[PDB]
$ cat my_file_35.txt   # compact mmCIF, C-alpha atoms
# COMPACT_ATOMS: atom_id res chain seq x y z
CA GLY A 8 0.00 0.00 0.00
CA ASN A 9 2.81 2.23 0.87
CA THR A 10 5.36 0.76 -1.40
CA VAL A 11 5.78 1.35 -5.06
CA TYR A 12 7.55 -0.66 -7.79
CA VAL A 13 10.06 1.40 -9.80
CA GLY A 14 11.03 0.02 -13.22
CA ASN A 15 13.46 0.76 -16.05
CA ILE A 16 16.41 2.02 -14.02
CA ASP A 17 19.76 2.29 -15.73
CA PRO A 18 22.13 -0.04 -13.81
CA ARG A 19 24.62 2.82 -13.18
CA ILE A 20 21.99 4.47 -10.94
CA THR A 21 23.07 4.22 -7.28
CA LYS A 22 20.78 3.86 -4.25
CA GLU A 23 21.82 7.27 -2.83
CA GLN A 24 20.59 8.73 -6.15
CA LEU A 25 17.26 6.89 -5.97
CA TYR A 26 16.78 8.34 -2.47
CA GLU A 27 17.77 11.82 -3.67
CA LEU A 28 15.20 11.59 -6.51
CA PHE A 29 12.22 10.20 -4.61
CA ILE A 30 12.55 12.49 -1.55
CA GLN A 31 11.60 15.32 -3.96
CA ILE A 32 8.20 13.60 -4.31
CA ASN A 33 7.58 12.54 -0.68
CA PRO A 34 9.54 11.44 2.43
CA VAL A 35 10.93 7.93 2.05
CA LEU A 36 11.03 5.19 4.69
CA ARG A 37 13.30 2.64 2.94
CA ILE A 38 14.50 1.47 -0.49
CA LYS A 39 15.03 -2.14 -1.62
CA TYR A 40 17.27 -1.96 -4.69
CA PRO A 41 18.32 -5.55 -5.61
CA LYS A 42 21.85 -6.40 -6.73
CA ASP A 43 22.56 -9.46 -8.90
CA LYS A 44 25.34 -11.13 -6.85
CA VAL A 45 27.09 -12.85 -9.79
CA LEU A 46 27.46 -9.70 -11.91
CA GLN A 47 27.61 -7.25 -8.94
CA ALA A 48 25.27 -4.95 -10.92
CA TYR A 49 21.77 -3.66 -10.19
CA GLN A 50 18.89 -5.38 -12.01
CA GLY A 51 16.78 -2.52 -13.49
CA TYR A 52 14.08 -2.17 -10.78
CA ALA A 53 13.56 -1.12 -7.14
CA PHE A 54 10.97 -0.99 -4.38
CA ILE A 55 10.45 2.34 -2.64
CA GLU A 56 8.55 2.35 0.65
CA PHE A 57 6.79 5.57 1.72
CA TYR A 58 5.24 6.25 5.16
CA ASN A 59 1.58 5.68 4.13
CA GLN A 60 -0.75 4.75 1.29
CA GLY A 61 -1.50 8.39 0.37
CA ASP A 62 2.11 9.45 -0.27
CA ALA A 63 2.69 6.33 -2.39
CA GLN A 64 -0.46 7.01 -4.45
CA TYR A 65 0.73 10.61 -4.89
CA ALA A 66 4.13 9.39 -6.03
CA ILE A 67 2.61 7.07 -8.65
CA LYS A 68 0.46 9.90 -10.09
CA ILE A 69 3.38 12.39 -10.27
CA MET A 70 6.37 10.19 -11.16
CA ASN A 71 4.98 7.75 -13.69
CA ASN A 72 6.43 8.59 -17.14
CA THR A 73 7.82 11.97 -16.05
CA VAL A 74 11.53 11.36 -15.36
CA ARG A 75 14.27 10.18 -17.68
CA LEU A 76 17.44 8.90 -15.96
CA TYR A 77 20.34 8.32 -18.39
CA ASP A 78 17.76 9.04 -21.12
CA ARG A 79 15.46 6.10 -20.13
CA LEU A 80 11.89 6.81 -18.99
CA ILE A 81 11.25 5.60 -15.41
CA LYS A 82 8.03 3.71 -14.58
CA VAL A 83 6.30 3.81 -11.15
CA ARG A 84 3.48 1.33 -10.28
CA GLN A 85 1.83 0.09 -7.07
CA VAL A 86 2.13 -3.32 -5.33
CA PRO A 106 12.38 -4.76 -20.63
CA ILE A 107 11.18 -6.57 -23.75
CA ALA A 108 12.17 -7.29 -27.38
CA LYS A 109 9.69 -5.39 -29.54
CA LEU A 110 10.01 -5.74 -33.31
CA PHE A 111 8.42 -3.63 -36.05
CA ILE A 112 7.18 -5.64 -39.05
CA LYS A 113 6.34 -3.82 -42.28
CA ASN A 114 4.40 -4.79 -45.43
CA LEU A 115 2.18 -7.70 -44.33
CA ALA A 116 -0.10 -9.39 -46.84
CA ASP A 117 -3.87 -9.08 -46.32
CA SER A 118 -3.84 -12.84 -45.62
CA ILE A 119 -1.54 -12.51 -42.59
CA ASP A 120 -3.72 -12.87 -39.49
CA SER A 121 -2.67 -12.06 -35.96
CA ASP A 122 -2.57 -15.89 -35.60
CA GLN A 123 -0.13 -16.41 -38.52
CA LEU A 124 2.21 -13.83 -36.96
CA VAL A 125 2.09 -15.91 -33.77
CA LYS A 126 2.93 -19.06 -35.78
CA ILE A 127 5.73 -17.38 -37.81
CA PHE A 128 7.51 -15.90 -34.76
CA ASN A 129 6.73 -18.72 -32.23
CA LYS A 130 9.39 -20.97 -33.80
CA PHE A 131 12.10 -18.40 -32.97
CA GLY A 132 11.09 -17.97 -29.27
CA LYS A 133 8.43 -17.17 -26.65
CA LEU A 134 6.17 -14.14 -27.19
CA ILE A 135 5.19 -12.04 -24.16
CA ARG A 136 1.81 -10.88 -25.57
CA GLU A 137 -0.14 -11.29 -28.84
CA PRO A 138 0.80 -9.11 -31.86
CA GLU A 139 -0.70 -5.66 -32.52
CA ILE A 140 -1.59 -4.92 -36.13
CA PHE A 141 -1.82 -1.42 -37.61
CA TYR A 142 -1.77 0.42 -40.93
CA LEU A 143 0.38 3.31 -42.14
CA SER A 144 0.08 5.49 -45.28
CA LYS A 147 -2.28 0.77 -47.39
CA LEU A 148 0.86 -0.48 -45.60
CA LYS A 149 -0.07 -3.28 -43.17
CA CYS A 150 2.34 -3.46 -40.23
CA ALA A 151 2.61 -5.18 -36.84
CA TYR A 152 4.37 -5.09 -33.49
CA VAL A 153 5.66 -8.41 -32.20
CA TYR A 154 6.80 -8.80 -28.62
CA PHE A 155 9.57 -11.28 -27.75
CA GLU A 156 10.60 -12.32 -24.24
CA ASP A 157 14.28 -12.48 -25.28
CA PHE A 158 16.52 -10.21 -27.39
CA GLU A 159 18.55 -13.33 -28.33
CA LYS A 160 15.41 -14.85 -29.87
CA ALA A 161 14.34 -11.53 -31.43
CA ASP A 162 17.73 -11.42 -33.20
CA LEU A 163 17.17 -14.84 -34.80
CA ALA A 164 13.76 -13.71 -36.11
CA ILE A 165 15.30 -10.56 -37.66
CA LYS A 166 18.15 -12.50 -39.32
CA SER A 167 15.75 -15.14 -40.70
CA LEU A 168 12.78 -12.92 -41.74
CA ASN A 169 14.09 -9.41 -42.62
CA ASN A 170 13.79 -8.84 -46.40
CA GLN A 171 11.96 -12.15 -46.96
CA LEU A 172 8.86 -13.23 -48.83
CA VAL A 173 5.78 -14.15 -46.76
CA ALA A 174 2.42 -14.60 -48.52
CA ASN A 175 3.95 -13.08 -51.70
CA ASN A 176 4.78 -9.77 -49.95
CA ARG A 177 8.35 -8.81 -49.08
CA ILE A 178 8.64 -7.84 -45.41
CA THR A 179 11.12 -5.93 -43.27
CA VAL A 180 11.89 -6.78 -39.63
CA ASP A 181 13.83 -4.64 -37.16
CA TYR A 182 13.54 -3.40 -33.62
CA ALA A 183 10.83 -0.84 -32.96
CA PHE A 184 11.36 2.73 -31.86
CA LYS A 185 10.92 3.39 -28.14
CA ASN A 187 15.77 5.87 -30.08
CA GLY A 188 15.59 2.04 -30.71
CA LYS A 189 14.96 -1.19 -28.78
CA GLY A 190 17.95 -3.55 -28.66
CA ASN A 191 20.39 -1.12 -26.99
CA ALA A 192 23.25 -2.44 -24.79
CA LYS A 193 21.48 -1.49 -21.53
CA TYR A 194 19.14 -4.39 -22.28
CA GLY A 195 21.18 -6.53 -20.05
CA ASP A 196 17.97 -5.67 -18.14
CA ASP A 197 16.41 -8.33 -20.38
CA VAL A 198 19.02 -10.86 -19.19
CA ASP A 199 18.52 -9.99 -15.48
CA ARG A 200 14.71 -10.32 -15.75
CA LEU A 201 15.02 -13.68 -17.64
CA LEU A 202 17.51 -14.92 -14.96
CA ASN A 203 15.23 -13.79 -12.12
CA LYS A 204 12.03 -15.01 -13.93
CA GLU A 205 10.40 -11.60 -14.54
CA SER B 289 19.90 15.89 0.84
CA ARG B 290 16.55 17.70 0.89
CA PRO B 291 13.34 18.23 -1.15
CA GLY B 292 13.96 21.25 -3.40
CA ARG B 293 17.67 20.58 -3.95
CA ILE B 294 19.06 18.34 -6.72
CA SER B 295 22.81 17.73 -7.10
CA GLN B 296 24.61 18.51 -10.39
CA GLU B 297 25.39 14.79 -10.78
CA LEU B 298 21.69 13.84 -10.61
CA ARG B 299 20.77 16.84 -12.81
CA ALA B 300 23.22 15.50 -15.42
CA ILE B 301 21.67 12.03 -15.12
CA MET B 302 18.22 13.65 -15.57
CA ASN B 303 19.33 15.75 -18.58
CA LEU B 304 17.98 18.84 -16.77
CA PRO B 305 19.85 22.04 -17.77
CA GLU B 306 20.18 24.83 -15.17
CA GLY B 307 17.46 27.44 -14.77
CA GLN B 308 14.75 24.82 -15.39
CA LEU B 309 12.27 23.19 -13.02
CA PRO B 310 12.42 19.39 -12.74
CA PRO B 311 9.91 17.62 -15.05
CA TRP B 312 7.56 16.57 -12.21
CA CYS B 313 6.78 20.20 -11.18
CA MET B 314 4.49 20.68 -14.20
CA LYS B 315 2.25 17.83 -12.99
CA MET B 316 2.15 19.36 -9.48
CA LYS B 317 0.21 22.34 -10.94
CA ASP B 318 -2.57 19.93 -11.96
CA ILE B 319 -2.46 17.30 -9.19
CA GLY B 320 -1.21 19.44 -6.28
CA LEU B 321 1.79 19.72 -3.98
CA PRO B 322 3.28 16.71 -2.18
CA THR B 323 1.02 15.19 0.46
CA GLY B 324 4.13 14.75 2.69
CA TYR B 325 5.35 18.37 2.17
CA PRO B 326 2.41 20.71 2.74
CA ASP B 327 4.85 23.65 3.12
CA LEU B 328 6.96 22.99 0.01
CA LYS B 329 7.63 26.12 -2.06
CA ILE B 330 8.63 25.68 -5.72
CA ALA B 331 10.14 28.57 -7.72
CA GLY B 332 7.64 29.71 -10.41
CA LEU B 333 4.68 27.88 -8.81
CA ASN B 334 4.32 29.37 -5.31
CA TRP B 335 7.82 30.84 -4.70
CA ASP B 336 9.48 33.65 -6.59
CA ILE B 337 11.35 32.41 -9.72
CA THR B 338 14.38 34.45 -8.51
CA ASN B 339 14.98 31.64 -5.94
CA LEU B 340 15.66 29.04 -8.71
CA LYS B 341 19.46 29.08 -8.33
CA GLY B 342 22.14 26.40 -8.58
CA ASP B 343 20.90 23.09 -7.16
CA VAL B 344 17.82 24.76 -5.58
CA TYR B 345 14.35 24.85 -7.24
CA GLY B 346 12.31 24.74 -4.00
CA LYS B 347 12.40 24.74 -0.21
CA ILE B 348 10.11 23.77 2.69
CA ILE B 349 9.09 27.15 4.14
CA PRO B 350 6.00 27.45 6.36
$ encode --input "my_file_35.txt" --output "structure tokens"
Amino acid sequence: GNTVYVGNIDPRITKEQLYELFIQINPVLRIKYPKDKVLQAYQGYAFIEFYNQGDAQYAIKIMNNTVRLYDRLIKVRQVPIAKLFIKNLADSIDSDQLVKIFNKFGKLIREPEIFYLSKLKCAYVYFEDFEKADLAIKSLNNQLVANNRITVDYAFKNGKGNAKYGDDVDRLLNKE
Amino acid sequence: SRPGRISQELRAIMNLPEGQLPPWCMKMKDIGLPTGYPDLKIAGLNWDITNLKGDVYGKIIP
């Protein structure tokens, strides 16, 4: 009730700095900021405990998608994904066929989202793992599916696939 | 460390150039001041903009 989940923290961010940031928003009781013991790095997320439910709720309203630390937008919720842009789908290509085409390369976190630019049928596909996302790019970029030639690369957030997605590795290791 | 002060190191990490209010102050106009700091003054909201100097953008003044 009084604790909030903070996500998408660049691993160079120290705990002193998390305290310095969140005391601007309300007084802070404690911070749990987990360290991966093997790598001796932080894991991308923290838990910030305020003094009561009200201050926490305030913090979530104010802080959520307001602050960029090392250019990355911080998330704050109560209680790190491989996203690909696919261009030039055939009319035939269901949401289901996308699932079947990308399944074979690795696990998908959610179902695809289809949208249209300009006539130009596109989709977002969401992979659990950047390692698996890479295979799908290599195998399907500039290839023929249902007689249409598609392109496959990482979506814009400026792009997914940056180095600081060792956050992907930490979350896979620690099981989301 | 205090509410209303932000170190140069954190400012650099935030990409916040000097003479600018931190990005969360805009939302405070809509939603209101911090529930845990009833007496917080922020320069350009409820404190004269002349006080926005250096690391300081606000201060708890009753």
$ atom_distance --input "my_file_35.txt" --atom1 "atom CA of residue 166 of chain A" --atom2 "atom CA of residue 187 of chain A"
20.7 Å
$ closest_residue --input "my_file_35.txt" --among "A:59, A:203, A:176, A:169" --to "residue 41 of chain A" --atoms "all atoms listed in the file"
A:203
$ residues_near_point --input "my_file_35.txt" --point "(1.5, 17.1, 4.6)" --cutoff "12 Å" --atoms "all atoms listed in the file" --output "tab-separated table (two decimals) with C-alpha atoms, in the coordinates of the input"
chain	number	residue	atom	x	y	z
A	32	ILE	CA	8.20	13.60	-4.31
A	33	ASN	CA	7.58	12.54	-0.68
A	34	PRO	CA	9.54	11.44	2.43
A	58	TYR	CA	5.24	6.25	5.16
A	59	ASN	CA	1.58	5.68	4.13
A	61	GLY	CA	-1.50	8.39	0.37
A	62	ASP	CA	2.11	9.45	-0.27
A	65	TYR	CA	0.73	10.61	-4.89
B	320	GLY	CA	-1.21	19.44	-6.28
B	321	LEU	CA	1.79	19.72	-3.98
B	322	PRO	CA	3.28	16.71	-2.18
B	323	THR	CA	1.02	15.19	0.46
B	324	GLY	CA	4.13	14.75	2.69
B	325	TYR	CA	5.35	18.37	2.17
B	326	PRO	CA	2.41	20.71	2.74
B	327	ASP	CA	4.85	23.65	3.12
B	328	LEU	CA	6.96	22.99	0.01
B	348	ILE	CA	10.11	23.77	2.69
B	350	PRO	CA	6.00	27.45	6.36
$ interface_residues --input "my_file_35.txt" --of "chain B" --to "chain A" --cutoff "10 Å" --atoms "only C-alpha atoms" --output "ChimeraX atom specification"
/B:289-295,297-304,310-316,318-325,328,346
$ atom_distance --input "my_file_35.txt" --atom1 "atom CA of residue 81 of chain A" --atom2 "atom CA of residue 16 of chain A"
6.4 Å
$ atom_distance --input "my_file_35.txt" --atom1 "atom CA of residue 197 of chain A" --atom2 "atom CA of residue 54 of chain A"
18.4 Å
$ axis_aligned_box --input "my_file_35.txt" --around "segment 61-65 of chain A" --padding-each-side "6 Å" --output "lines of an AutoDock Vina configuration file"
center_x = 0.6
center_y = 8.5
center_z = -2.3
size_x = 16.2
size_y = 16.3
size_z = 17.3
$ closest_residue --input "my_file_35.txt" --among "A:11, A:180, A:36, A:168" --to "residue 111 of chain A" --atoms "only C-alpha atoms"
A:180
$ closest_residue --input "my_file_35.txt" --among "A:192, A:67, A:110, A:183" --to "residue 153 of chain A" --atoms "only C-alpha atoms"
A:110
$ closest_residue --input "my_file_35.txt" --among "A:116, A:134, A:198, A:48" --to "residue 175 of chain A" --atoms "only C-alpha atoms"
A:116
$ closest_residue --input "my_file_35.txt" --among "A:184, A:199, A:108, A:205" --to "residue 163 of chain A" --atoms "all atoms listed in the file"
A:108
$ decode --input "my_file_35.txt" --residues "segment 21-154 of chain A" --atoms "C-alpha atoms" --output "compact mmCIF listing (two decimals), in the first residue's frame"
# COMPACT_ATOMS: atom_id res chain seq x y z
CA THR A 21 23.07 4.22 -7.28
CA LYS A 22 20.78 3.86 -4.25
CA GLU A 23 21.82 7.27 -2.83
CA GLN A 24 20.59 8.73 -6.15
CA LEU A 25 17.26 6.89 -5.97
CA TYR A 26 16.78 8.34 -2.47
CA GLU A 27 17.77 11.82 -3.67
CA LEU A 28 15.20 11.59 -6.51
CA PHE A 29 12.22 10.20 -4.61
CA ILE A 30 12.55 12.49 -1.55
CA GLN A 31 11.60 15.32 -3.96
CA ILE A 32 8.20 13.60 -4.31
CA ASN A 33 7.58 12.54 -0.68
CA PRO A 34 9.54 11.44 2.43
CA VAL A 35 10.93 7.93 2.05
CA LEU A 36 11.03 5.19 4.69
CA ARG A 37 13.30 2.64 2.94
CA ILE A 38 14.50 1.47 -0.49
CA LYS A 39 15.03 -2.14 -1.62
CA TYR A 40 17.27 -1.96 -4.69
CA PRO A 41 18.32 -5.55 -5.61
CA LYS A 42 21.85 -6.40 -6.73
CA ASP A 43 22.56 -9.46 -8.90
CA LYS A 44 25.34 -11.13 -6.85
CA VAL A 45 27.09 -12.85 -9.79
CA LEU A 46 27.46 -9.70 -11.91
CA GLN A 47 27.61 -7.25 -8.94
CA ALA A 48 25.27 -4.95 -10.92
CA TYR A 49 21.77 -3.66 -10.19
CA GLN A 50 18.89 -5.38 -12.01
CA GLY A 51 16.78 -2.52 -13.49
CA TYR A 52 14.08 -2.17 -10.78
CA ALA A 53 13.56 -1.12 -7.14
CA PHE A 54 10.97 -0.99 -4.38
CA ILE A 55 10.45 2.34 -2.64
CA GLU A 56 8.55 2.35 0.65
CA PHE A 57 6.79 5.57 1.72
CA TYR A 58 5.24 6.25 5.16
CA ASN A 59 1.58 5.68 4.13
CA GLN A 60 -0.75 4.75 1.29
CA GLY A 61 -1.50 8.39 0.37
CA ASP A 62 2.11 9.45 -0.27
CA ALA A 63 2.69 6.33 -2.39
CA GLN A 64 -0.46 7.01 -4.45
CA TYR A 65 0.73 10.61 -4.89
CA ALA A 66 4.13 9.39 -6.03
CA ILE A 67 2.61 7.07 -8.65
CA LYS A 68 0.46 9.90 -10.09
CA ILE A 69 3.38 12.39 -10.27
CA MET A 70 6.37 10.19 -11.16
CA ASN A 71 4.98 7.75 -13.69
CA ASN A 72 6.43 8.59 -17.14
CA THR A 73 7.82 11.97 -16.05
CA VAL A 74 11.53 11.36 -15.36
CA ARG A 75 14.27 10.18 -17.68
CA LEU A 76 17.44 8.90 -15.96
CA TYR A 77 20.34 8.32 -18.39
CA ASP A 78 17.76 9.04 -21.12
CA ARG A 79 15.46 6.10 -20.13
CA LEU A 80 11.89 6.81 -18.99
CA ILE A 81 11.25 5.60 -15.41
CA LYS A 82 8.03 3.71 -14.58
CA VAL A 83 6.30 3.81 -11.15
CA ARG A 84 3.48 1.33 -10.28
CA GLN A 85 1.83 0.09 -7.07
CA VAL A 86 2.13 -3.32 -5.33
CA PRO A 106 12.38 -4.76 -20.63
CA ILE A 107 11.18 -6.57 -23.75
CA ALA A 108 12.17 -7.29 -27.38
CA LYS A 109 9.69 -5.39 -29.54
CA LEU A 110 10.01 -5.74 -33.31
CA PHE A 111 8.42 -3.63 -36.05
CA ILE A 112 7.18 -5.64 -39.05
CA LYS A 113 6.34 -3.82 -42.28
CA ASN A 114 4.40 -4.79 -45.43
CA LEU A 115 2.18 -7.70 -44.33
CA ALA A 116 -0.10 -9.39 -46.84
CA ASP A 117 -3.87 -9.08 -46.32
CA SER A 118 -3.84 -12.84 -45.62
CA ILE A 119 -1.54 -12.51 -42.59
CA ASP A 120 -3.72 -12.87 -39.49
CA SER A 121 -2.67 -12.06 -35.96
CA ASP A 122 -2.57 -15.89 -35.60
CA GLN A 123 -0.13 -16.41 -38.52
CA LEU A 124 2.21 -13.83 -36.96
CA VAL A 125 2.09 -15.91 -33.77
CA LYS A 126 2.93 -19.06 -35.78
CA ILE A 127 5.73 -17.38 -37.81
CA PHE A 128 7.51 -15.90 -34.76
CA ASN A 129 6.73 -18.72 -32.23
CA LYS A 130 9.39 -20.97 -33.80
CA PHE A 131 12.10 -18.40 -32.97
CA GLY A 132 11.09 -17.97 -29.27
CA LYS A 133 8.43 -17.17 -26.65
CA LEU A 134 6.17 -14.14 -27.19
CA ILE A 135 5.19 -12.04 -24.16
CA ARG A 136 1.81 -10.88 -25.57
CA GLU A 137 -0.14 -11.29 -28.84
CA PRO A 138 0.80 -9.11 -31.86
CA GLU A 139 -0.70 -5.66 -32.52
CA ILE A 140 -1.59 -4.92 -36.13
CA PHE A 141 -1.82 -1.42 -37.61
CA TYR A 142 -1.77 0.42 -40.93
CA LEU A 143 0.38 3.31 -42.14
CA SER A 144 0.08 5.49 -45.28
CA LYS A 147 -2.28 0.77 -47.39
CA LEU A 148 0.86 -0.48 -45.60
CA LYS A 149 -0.07 -3.28 -43.17
CA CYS A 150 2.34 -3.46 -40.23
CA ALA A 151 2.61 -5.18 -36.84
CA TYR A 152 4.37 -5.09 -33.49
CA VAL A 153 5.66 -8.41 -32.20
CA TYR A 154 6.80 -8.80 -28.62
